Amino acid sequence: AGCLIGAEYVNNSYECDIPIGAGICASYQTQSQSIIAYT
Amino acid sequence: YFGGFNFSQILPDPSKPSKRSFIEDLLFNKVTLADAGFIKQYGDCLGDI
Ligand SMILES: *[C@@H]1O[C@H](CO)[C@@H](O)[C@H](O)[C@H]1NC(C)=O
C-alpha cells in the first residue's frame, strides 16, 4: 500500500487486528509496550 | 490420487511462484485487469516509458 513510518515489522504471525492493507494488520502488543505492524 | 478424479490443474502448483492453479491462471489471463493502484505506481508515472 505504501511506506509505513512508525511502529515496526515483526515476523510473528498473530490474528488480524486493525488492518493496514495488502495483508498487513497492526496491533498494540508488548513485543517496551509499543505498536507493531505484522503480517 | 483421489478416487480417479483428476485433481491436477485445479490445486496449487509449487512450480509457479504464485499459488494460483493452471485453470486459475487461465481465469486471471482472460480477465484483462486495468493494472490499477493495488501496486505502487508513482515511480512508474514518474519514470515515463
Ligand atoms: C490427472 O490426475 C491423475 C491423478 O493420478 C494423474 O495421474 C494424471 O496424470 C492427471 N492428468 C493430467 C493431464 O494432469
# chains A, B, ... in the order shown; residues from 1 in each chain; ligands from 1
call {"tool": "residues_near_ligand", "arguments": {"ligand": "ligand 1", "cutoff": "10 Å", "atoms": "only C-alpha atoms and all ligand atoms", "output": "list in words"}}
result
residues 1, 2, 3, 4, 5, 6, 7, 8, 9 and 10 of chain B
call {"tool": "write_last_selection", "arguments": {"atoms": "C-alpha atoms", "output": "PDB file, in the first residue's frame"}}
result
ATOM      1  CA  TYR B   1      -4.712 -39.654  -6.078  1.00  0.00           C
ATOM      2  CA  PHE B   2      -8.374 -39.000  -5.203  1.00  0.00           C
ATOM      3  CA  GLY B   3     -10.595 -41.844  -6.397  1.00  0.00           C
ATOM      4  CA  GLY B   4      -9.700 -41.499 -10.071  1.00  0.00           C
ATOM      5  CA  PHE B   5     -10.885 -37.917 -10.329  1.00  0.00           C
ATOM      6  CA  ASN B   6      -8.065 -35.879 -11.880  1.00  0.00           C
ATOM      7  CA  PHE B   7      -7.435 -33.059  -9.404  1.00  0.00           C
ATOM      8  CA  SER B   8      -4.392 -31.644 -11.160  1.00  0.00           C
ATOM      9  CA  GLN B   9      -4.592 -28.076 -12.617  1.00  0.00           C
ATOM     10  CA  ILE B  10      -7.349 -27.169 -10.122  1.00  0.00           C
TER      11      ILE B  10
END
call {"tool": "select_by_dssp", "arguments": {"residues": "chain A", "states": "strand (DSSP E or B)", "output": "ChimeraX atom specification"}}
result
/A:19,25-27,36-38
call {"tool": "interface_residues", "arguments": {"of": "chain A", "to": "chain B", "cutoff": "12 Å", "atoms": "only C-alpha atoms", "output": "list in words"}}
result
residues 1, 2, 3, 21, 22 and 23 of chain A
call {"tool": "residues_around", "arguments": {"residues": "residue 17 of chain A", "least_positions_apart": "4", "cutoff": "8 Å", "atoms": "only C-alpha atoms", "output": "PDB file with C-alpha atoms, in the first residue's frame"}}
result
ATOM      1  CA  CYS A  25      -2.513  -5.764  10.163  1.00  0.00           C
ATOM      2  CA  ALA A  26      -1.172  -3.671  13.039  1.00  0.00           C
ATOM      3  CA  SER A  27      -1.769  -4.140  16.772  1.00  0.00           C
TER       4      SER A  27
END
call {"tool": "atom_distance", "arguments": {"atom1": "atom CA of residue 42 of chain B", "atom2": "atom CA of residue 5 of chain A"}}
result
18.1 Å
call {"tool": "atom_distance", "arguments": {"atom1": "atom CA of residue 6 of chain A", "atom2": "atom CA of residue 35 of chain B"}}
result
29.1 Å
call {"tool": "select_by_dssp", "arguments": {"residues": "chain B", "states": "helix (DSSP H, G or I)", "output": "list in words"}}
result
residues 22, 23, 24, 25, 26, 27, 28, 29, 30, 42, 43, 44, 45 and 46 of chain B
call {"tool": "residues_around", "arguments": {"residues": "residue 11 of chain B", "least_positions_apart": "5", "cutoff": "9 Å", "atoms": "only C-alpha atoms", "output": "PyMOL selection string"}}
result
chain B and resi 19-23
call {"tool": "atom_distance", "arguments": {"atom1": "atom CA of residue 36 of chain A", "atom2": "atom CA of residue 10 of chain A"}}
result
7.0 Å
